[PDB]
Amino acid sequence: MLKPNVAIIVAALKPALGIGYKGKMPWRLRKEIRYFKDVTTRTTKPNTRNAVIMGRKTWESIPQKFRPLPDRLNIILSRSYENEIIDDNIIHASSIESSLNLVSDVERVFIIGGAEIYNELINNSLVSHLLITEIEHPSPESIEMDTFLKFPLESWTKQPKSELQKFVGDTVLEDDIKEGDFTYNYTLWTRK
């Protein structure tokens, strides 16, 4: 695959864009996890699938019985890895671009995490879209967090929901989803 458009998909707590605490998301949003699954899995073309890209630490944090993520090509980045196809669902690579050279029959590409991946790849011009779930809570400060997005959003534009809907196709987009004390919305951003 040559110079594909890539999307980042993340869930962040406004306004600081907190994303984790000691390796874990500080919340359990059952519907939000479902949306992550549907978006990264659905495809429109026939014999295709999407690819998910993750850092080695996130891979390692998934229980072994739960990896690879089903129905998607999993790509794991490590600075120590050789570019290699492990099996039909797993690729090892040392760069995003090198990993993409090993694939065919991929419809979309998503970077899924973690923090270091997000923060480094946001500056790669292959990244064309951001799918940010913006989470809100009455007392954001009550939530312990150590990891944050460092995204240059002054250079990105938040699109209208119509554009997101077009993006995700048939997926149902509910507004102001509430779970416990959290309220969230799905958003799409593109580069200015």
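We number the residues from 1 along the sequence you see.
K.L.:
Going by the B-factors listed in the PDB entry, is the mean over the C-alpha atoms higher for 22-30 or for 60-68?
P.N.:
That would be 22-30.
K.L.:
Tell me which of 75-83 and 103-111 has the higher mean C-alpha B-factor in the deposited entry.
P.N.:
Per the PDB entry, the higher value belongs to 103-111.
K.L.:
According to the deposited entry, which of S142, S162, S128, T40 has the largest Cα B-factor?
P.N.:
Across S142, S162, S128, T40, the entry lists the biggest C-alpha B-factor for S142.
K.L.:
Based on what the PDB entry reports, which of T133, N50, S155, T44 has the top C-alpha B-factor?
P.N.:
Each of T133, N50, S155, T44 was compared by C-alpha B-factor; the highest is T44.
K.L.:
Classify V168 as lowest, middle or highest third according to the C-alpha B-factor given in the PDB entry, relative to its own chain.
P.N.:
As the PDB entry reports it, the C-alpha B-factor of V168 lands in the middle third of its chain.
K.L.:
What third of its chain's C-alpha B-factors does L13 belong to: lowest, middle or highest?
P.N.:
For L13, whose C-alpha B-factor we compare with every modelled residue in the chain, the answer is the middle third.
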